[PDB]
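Single-letter residue listing:
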Amino acid sequence: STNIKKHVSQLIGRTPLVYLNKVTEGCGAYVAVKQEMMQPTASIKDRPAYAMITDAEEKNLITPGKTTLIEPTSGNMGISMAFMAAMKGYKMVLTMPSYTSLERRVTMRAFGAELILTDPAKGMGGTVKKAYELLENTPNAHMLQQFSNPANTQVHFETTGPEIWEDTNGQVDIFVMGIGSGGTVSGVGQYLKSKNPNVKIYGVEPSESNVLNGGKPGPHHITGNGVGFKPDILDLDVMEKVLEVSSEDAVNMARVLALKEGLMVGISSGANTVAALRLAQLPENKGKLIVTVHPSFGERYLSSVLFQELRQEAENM
Amino acid sequence: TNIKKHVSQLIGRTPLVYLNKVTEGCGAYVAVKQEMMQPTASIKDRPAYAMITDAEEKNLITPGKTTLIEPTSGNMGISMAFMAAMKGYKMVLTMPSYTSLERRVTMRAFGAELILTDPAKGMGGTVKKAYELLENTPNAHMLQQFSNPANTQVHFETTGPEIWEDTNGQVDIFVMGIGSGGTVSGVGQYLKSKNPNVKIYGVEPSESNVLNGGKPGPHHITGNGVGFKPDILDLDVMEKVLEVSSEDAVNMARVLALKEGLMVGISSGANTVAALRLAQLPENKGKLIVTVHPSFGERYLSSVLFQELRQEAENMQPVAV
Ligand SMILES: *Cc1c(COP(=O)(O)O)cnc(C)c1O
Ligand SMILES: *Cc1c(COP(=O)(O)O)cnc(C)c1O
């Protein structure tokens, strides 16, 4: 009878595409960007988070008020999981290294997640072990496992990809996306292929941490991208190749997107756009429609390198 | 849809959602309009677009030529910087040197020029400074948010009609905080032109209840209670102005995140408190009450909203593995 949503989770998905007009000077191709900032949590994460918790409910694995959900994660998957746990009324326990961002930790707590900070000296391996110890010692507990839970890939197959196919009226020639868990690129990749097999799909990863192109893992600044190993759910075969983008270029492009397109986006959005533009400058792609994603809102990263210059220029005055 | 041509086409058309956890069992329907879904994540994108577009159309300004000046910070500064970056205008925002570093960095990221003024002159100093700039700069134009009727008009033309459409004409009551008064005036006039029985309430801080005859004063409801009656604000359209304390608005905002999954600001809290207060009244049982959550809460990580959480987080220690 009305267009009023019954649930906050119904605000998830169905996000807009926008053409880039300024930054695309000298490109034979059209680039459009999917804006995931328009979600309850202001990041792409909201999709997998809903999908994993909901899938586990339908399979009768978890019960609200009785199951303790456990996950070794932080950074915008942690925020989305905390968010979902709040809406559906699950106890959510998140393990992370103590050197984790204070801004992320405060945000996850605002939704009621319990945080356990593990010893810094043991890094990620520490939080994963901690989370497994808690899973084994907690009576009604369940771990989501974002890197191997196929409901992660499935959500993009059923919502992210179909949205991209519909909004471009079947015209998308090329899809570019950074790899984190690999869920987005794998799920959108498979869906687009099943509609038109000539659609080219590309991954993006940091130059400084290029493990999928045979490099060694290492620190980088493309937040959300490049975990340093191959996730189980990542589908290597659906991609033409994994493009590499340096942190420097991704950072610079993110700044430009704000100044010239009015898109306040993160470093990951930066890297995707760099990859898209350079595909868009290739002669064979002339006239083609290339789609990429801006996975989250830029204001989340106010204390990162993205606003480094602005932050200190503003301190001095 | 098809692909949009400009980011500005993503302004407006925000969804309504029912609250069901903070509202048990207040006896009325409460739906909240989610303004976080805007390019700058606040309802300040509507007015900023309308005021700049209005001036272009009356040929008072031109991109590349005109310098836009405005004494503002907060959500309206961010939105103003955002609309200038997009349309191609040089933008000058004056503000007290005490304004939040994060807001300033955000305004800078869109390319606005910032001029900070004496911490002792408060708002007056920034306004005085802005008027000097206006008179000392060739081809300068000041937007004037508190006295520009294009502010009210955008809510009459978008925000109001959206609420009437999404509720399929069933809205009985609309509650909204007053900053400039644009939203409450514009939505009010619209809704009442569709159904005169619609009740429109404004909201202000207890600590600065000027519209109720009190004296101005420091409060924590960011975006709300500017300490005087803005010119564009239409008092006649409201039944009255409800007062909400800062403590209550803050508590409501924290509870909205924990129970409803809505990460919103202190102004969203204040509006939701007022909405619940109306639900308590006998004449409002069974009615559809609509209010607004004007912004995303992550913007206020440095405010009193997050204070308890920041301290608790500072004090967490690692555990052994
Ligand atoms: C998750 C994430 C990605 C990568 O998405 P995946 O589906 O996990 O591979 C890219 N950018 C940001 C900001 C992300 O949060
Ligand atoms: C700007 C604003 C308001 C009030 O809107 P007006 O139309 O100016 O009265 C309320 N809350 C927040 C967060 C705002 O930015």
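Looking at the entry header, you'll see X-ray crystallography listed as the method and 2.50 Å as the resolution.

Chemist: How should I be thinking about the overall build of chain B in this particular structure?
Modeler: Secondary structure summary: chain B contains nine helices and 10 strands in total. Since a compact globule built from 321 residues should have a radius of gyration of about 20 Å, the 20 Å found for chain B is in line with a globular shape. Based on the C-alpha atoms only, the size of chain B along its principal axes is roughly 60 × 60 × 50 Å. Put simply, chain B has 321 residues, and 58% of those count as buried. For chain B, the proportion of contacts with a sequence separation of at least 24, taken over those separated by at least 6, is 71%.

Chemist: Even after reading the chapter, I still don't get the overall build of chain A, so can you show me in this structure?
Modeler: Secondary structure assignment for chain A yields nine helices and 10 strands. On C-alpha atoms alone, chain A measures out to a radius of gyration of 19 Å, which is about the 20 Å that the 2.2 N^0.38 rule sets for 317 residues. Across its three principal directions, the C-alpha atoms of chain A cover 60 × 55 × 45 Å. Scored against the burial criterion, the 317 residues of chain A give a buried share of 60%. For chain A, contacts bridging at least 24 residues in sequence account for 71% of all contacts bridging at least 6. When the accessible surface of chain A is summed, it comes to about 12400 Å², and 47% of that surface belongs to carbon and sulfur atoms. Each charge sign in chain A was given a centre, from 30 positive and 32 negative side chains, and these centres are 3 Å apart.

Chemist: It is not clear to me how the interface of chain B and chain A should be interpreted in this structure. Could you clarify?
Modeler: Reports of interface size often rely on the accessible area that becomes lost once the parts have come together. Each partner contributes to the interface: chain B provides 64 residues, whereas chain A provides 66 residues. Across the chain B to chain A interface the summed buried area is about 5500 Å²; carbon plus sulfur atoms make up 67%. The interface formed by chain B and chain A contains four salt bridges. Residues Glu299(A) and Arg299(B) are paired through a salt bridge, measuring 2.9 Å at the closest nitrogen-oxygen approach. Across the chain B-chain A interface, the total number found is 16 residue pairs in polar contact. If you list the elements that add at least two residues to the side of chain B that touches chain A, you get β1 (16-18), β2 (29-34), α2 (75-87), α3 (101-109), β5 (113-117), α5 (149-166), α7 (246-260) and α9 (307-314) of chain B.

Chemist: I keep staring at the environment of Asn59(B) and nothing clicks. Help me out?
Modeler: Residues and elements named next belong to chain B. Structurally, the position occupied by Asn59 is in the loop between α1 (45-57) and β3 (67-71). The class for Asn59 is exposed, based on a relative accessible area of 69%. Sequence separation between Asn59 and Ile78 is 19 residues, and the spatial gap between their C-alpha atoms is 24 Å.

Chemist: Honestly, the packing of aromatic side chains in this entry has me stumped. Any pointers?
Modeler: Both the distance between ring centres and the angle between the ring planes are used here to describe each pair of aromatic rings. All names here are of chain B. In this structure the tally under the stated criterion is seven aromatic pairs over all chains. Both rings, one in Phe82 and one in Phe110, keep their centres 5.8 Å apart while their planes meet at 65°; by these two values the pair is edge-to-face. Of the two residues, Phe82 is situated in helix α2 and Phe110 in the loop between α3 and β5; the sequence distance between them amounts to 28 residues. Here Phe82 falls in the buried class, since its relative accessible area comes to 0%.

Chemist: Would you explain the domain arrangement of chain B in this entry?
Modeler: Residues and elements named next belong to chain B. Taken domain by domain, chain B consists of domain 1 (1-37 + 159-309) and domain 2 (38-145). Centre-to-centre separation of domain 1 and domain 2, based on C-alpha positions: 25 Å. Contact with domain 1, which involves 23 residues of that partner, is made by 17 residues of domain 2. Taking both partners together, domain 1 and domain 2 bury about 1600 Å²; carbon and sulfur atoms supply 53% of that area.

Chemist: I'm lost on the site of ligand 1 in this one. Help?
Modeler: Residues and elements named next belong to chain A. In the neighbourhood of ligand 1, 16 residues make up the surrounding shell, with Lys45, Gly180, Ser181, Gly182 and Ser268 lying closest. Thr184 has a polar side-chain atom sitting 2.8 Å from an oxygen atom of ligand 1. The side chain of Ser268 places a nitrogen or oxygen atom 2.7 Å from a nitrogen atom of ligand 1. Coverage of ligand 1 by the protein amounts to 97% of the 380 Å² it exposes when considered alone. Of all the secondary structure elements, the ones that give two or more residues to the shell around ligand 1 are β7 (174-178) and α6 (183-195). Residue classes in the shell around ligand 1 are distributed as four nonpolar, 11 polar and one charged.

Chemist: Would you take a moment to explain the pattern of salt bridges for this structure?
Modeler: Pairs may arise between side chains of opposite charge once their charged atoms sit close together. Residues and elements named next belong to chain B. Applying the stated criterion to the full structure yields 20 salt bridges over all chains. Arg277 is the partner of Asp248 in a salt bridge, and the nearest nitrogen-oxygen pair spans 3.8 Å. You can see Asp248 sitting in helix α7 and its partner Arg277 sitting in helix α8 (residues 266-279), a full 29 residues away along the chain. Among the residues examined, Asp248 registers a relative accessible area of 30% and is labelled partly exposed. By relative accessible area, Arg277 is classed as partly exposed at 43%.

Chemist: I would appreciate a short explanation of the sheet that holds β5(B) in the present structure.
Modeler: Strands pair in a sheet through their backbones, by hydrogen bonds, and they do so in one of two ways: parallel or antiparallel. All names here are of chain B. Spatial ordering of the open sheet is given by β5-β4-β3-β6, a layout of four strands whose pairing is parallel. The strands lining the two open edges of the sheet, one partner per strand, are β5 and β6 (140-142). Taken pair by pair, the neighbouring strands of this sheet meet at an average axis angle of 25°, ignoring direction. Relative to β5, strand β4 (residues 90-96) runs parallel, the two being bridged by five bridges. Residue pairing in the sheet places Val92 in a bridge with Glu113 of β5. Packing of α3 onto the sheet brings it into contact with β4 and β5, and relative to β5 it is tilted by some 150°.

Chemist: Can you walk me through helix α6 (residues 182-194) of chain B in this structure?
Modeler: Residues separated by three or four positions in an α-helix point in the same direction, a consequence of the helix having 3.6 residues per turn. Residues and elements named next belong to chain B. End to end, α6 covers 19 Å across 13 residues, agreeing with the expected 18 Å (1.5 Å per residue, within 8%). Looking at α6, one finds that the buried residues are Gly182, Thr183, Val184, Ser185, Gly186, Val187, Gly188, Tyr190 and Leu191. The inward-facing, buried residues of α6 contact α5, β7 (173-177) and β8 (199-205).

Chemist: Looking at this structure, how should I read the packing of helix α7 (residues 247-261) of chain A against helix α8 (residues 267-279) of chain A?
Modeler: Packed helices, taken two at a time, are described by the angle between their axes plus the distance between the axes. Residue and element names in this part refer to chain A. Where α7 contacts α8, the two axes come as close as 7 Å, and the packing angle between them is 95°. Here α7 lies roughly perpendicular to α8, going by the angle between them. For the pair α7 and α8, the contacting residues are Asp249, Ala250, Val251, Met253, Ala254 and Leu257 in the first and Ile267, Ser269, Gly270, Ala271, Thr273, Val274 and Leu277 in the second. A per-class count over the contact of α7 with α8 returns nine nonpolar, three polar and one charged.

Chemist: How should I be thinking about the nonpolar core in this particular structure?
Modeler: The nonpolar side chains of soluble globular proteins are, as a tendency, buried together. Counting residues in hydrophobic clusters, the biggest one holds 142 residues, and the most contacted among them are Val176(A), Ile290(A), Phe307(A), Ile52(B) and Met80(B). If one sorts the elements of this core by residue count, α2(B) sits on top with nine residues. Sequence-distant contacts of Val176(A), that is, excluding residues within four places in its chain, are made with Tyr202(A), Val204(A), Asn272(A), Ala275(A), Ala276(A), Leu279(A), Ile290(A), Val291(A), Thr292(A) and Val293(A).

Rules used in this analysis
Residue indices run from 1 on each chain, following the sequence as it is written; they may not match the entry's numbering, and residues absent from the coordinates are omitted. All chains are assigned letters beginning at A, and all ligands numbers beginning at 1, according to the order in which they are written. With hydrogens and water excluded, all non-hydrogen atoms of the structure serve as input to the side-chain values. To qualify as a helix, a DSSP run of H or I must reach at least 4 residues; to qualify as a strand, a run of E must reach at least 2; elements of each kind are numbered from the N terminus. Every radius of gyration here is taken over C-alpha atoms, with the globule rule written as 2.2 Å times N^0.38, N being the number of residues. Each residue gets one of three labels from its accessible area relative to the maximum for its type: buried under 20%, exposed over 50%, partly exposed in between, using a 1.4 Å probe on protein chains only. Contacts between residues were defined by any pair of non-hydrogen atoms, one from each residue, lying within 4.5 Å. Working definition of accessibility: Shrake-Rupley area with a 1.4 Å probe, residue cover restricted to the visible protein chains. Charge assignment: positive for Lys and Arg, negative for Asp and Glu; neither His nor the chain ends contribute. A single reference atom marks each charge: NZ on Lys, CZ on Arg, CG on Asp, CD on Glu. Summed over both partners, buried area is the accessible surface (1.4 Å probe) that two parts give up on being assembled. By definition here, a salt bridge exists when the distance from a side-chain nitrogen of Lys or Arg to a carboxyl oxygen of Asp or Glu is within 4 Å. Under this definition, polar contacts are N or O atom pairs within 3.5 Å; protein pairs additionally need one hydrogen-donor-capable and one acceptor-capable atom, and for neighbouring residues in sequence, both atoms have to be side-chain atoms. Each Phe, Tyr or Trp ring (for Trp, its six-membered ring) is paired with any other whose centre lies within 6.5 Å, and the angle between the two planes then decides the class: stacked below 30 degrees, edge-to-face above 60, tilted in between. Each domain's limits were defined by an automated method or a database of domain assignments. The criterion for a residue being near a molecule or strand is simple. One of its heavy atoms has to lie within 4 Å of it. Ten residue types, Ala, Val, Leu, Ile, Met, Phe, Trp, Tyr, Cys and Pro, are classed as nonpolar, four, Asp, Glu, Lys and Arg, as charged, and the remainder, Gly among them, as polar. Strand pairing is defined by DSSP finding a minimum of two bridges between the two strands. Interaxial angles span 0 to 180 degrees and are taken between N-to-C directions of axes, which are lines fitted to C-alpha atoms, for helices over the stretch in contact. For a helix, the expected span equals 1.5 Å multiplied by the number of residues minus one. Here the word oblique covers every angle except those under 35 degrees (roughly parallel), over 145 (roughly antiparallel) and from 65 to 115 (roughly perpendicular). By convention a nonpolar core is built from buried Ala, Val, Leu, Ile, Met, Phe, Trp, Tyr and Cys residues, the set being connected through side-chain atoms within 4.5 Å.

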